[PDB]
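Visitor: need coordinates for the below:
(2 chains)
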2 protein chains.
Amino acid sequence: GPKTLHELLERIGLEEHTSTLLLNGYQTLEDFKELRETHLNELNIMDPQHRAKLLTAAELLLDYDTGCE
Amino acid sequence: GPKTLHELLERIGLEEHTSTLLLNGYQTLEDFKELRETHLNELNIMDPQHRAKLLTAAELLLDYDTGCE
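Guide: Residues are numbered from 1 along each chain as shown, chains lettered A, B, ... in the order given. Take a look:
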């Protein structure tokens, strides 16, 4: 159960890009839930499947931010 | 905010495979959180980025199942 941005990247297997997110202002799950593919374009994360993971993570974090059932 | 499997697939943009999950026994988020790439191999979801999304969704659903903060 990730509580921080870093942990979330570790969760999905993109901890290789934790710094990428972090440096681009994505320091929290609240930031990462705003992360989009168009943003990965900016972050220069052209890694296709890695993108797909990052986006999906952001998708779910936007709704599943542990805000109870 | 998806409460069901179908909605989750819609969330990540893999509603094309909702039936795939559903038919393979993934009818709930509780099922999908067990969804792995090796499973997509079985579901014949060789769609690389789609896989990546599906897996990430399963990753996050496993921890972020709206079980509060």
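Visitor: use CA for all of it now, contacts and neighbours both
Guide: OK.
Visitor: longest helix anywhere in chain A?
Guide: Using DSSP state H to define each element, chain A has its longest helix at helix A:48-63.
Visitor: tell me which element residue A:20 is part of?
Guide: helix A:18-23 (DSSP states H and E).
Visitor: which helices and strands does that helix pack with?
Guide: helix A:5-12 (3 or more CA pairs under 8 Å, 6 or more residues apart in numbering or on different chains; DSSP states H and E).
Visitor: does the residue of chain A found nearest chain B sit in a helix, a strand or a coil?
Guide: Using CA to the nearest CA, the single residue of chain A nearest to chain B is residue A:68, 3.9 Å away. Under DSSP: H, G, I helix; E, B strand; the rest coil, the three-state class of residue A:68 is coil.
Visitor: and it, what is it in contact with?
Guide: B:66, B:67, B:68, B:69 (CA atoms under 8 Å, 6 or more residues apart in numbering or on different chains).
Visitor: what of residue A:53?
Guide: Neighbouring residues of residue A:53 by CA under 8 Å, 6+ apart: A:12, A:14, B:49, B:52, B:53, B:55, B:56, B:57.
Visitor: turn the residues you listed into TSV, columns for distance to residue A:27.
Guide: Compiled in TSV, the contacts of residue A:53 are given as follows (distance: CA to CA, whole Å):
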residue	distance to residue A:27
A:12	16
A:14	14
B:49	25
B:52	22
B:53	21
B:55	23
B:56	19
B:57	20
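Visitor: chain B contacts on chain A?
Guide: Neighbours of chain B within chain A, by CA under 8 Å from any CA of the partner chain: A:1-2, A:11-12, A:48-57, A:59-61, A:63-69.
Visitor: need the buried ones from these selected in ChimeraX.
Guide: Of the residues of chain A next to chain B, the buried ones can be selected in ChimeraX as follows, counting by 16 or more other CA atoms under 10 Å in any protein chain shown:
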select /A:11,12,49,50,51,52,53,54,55,56,57,59,60,61,63,64,65,66
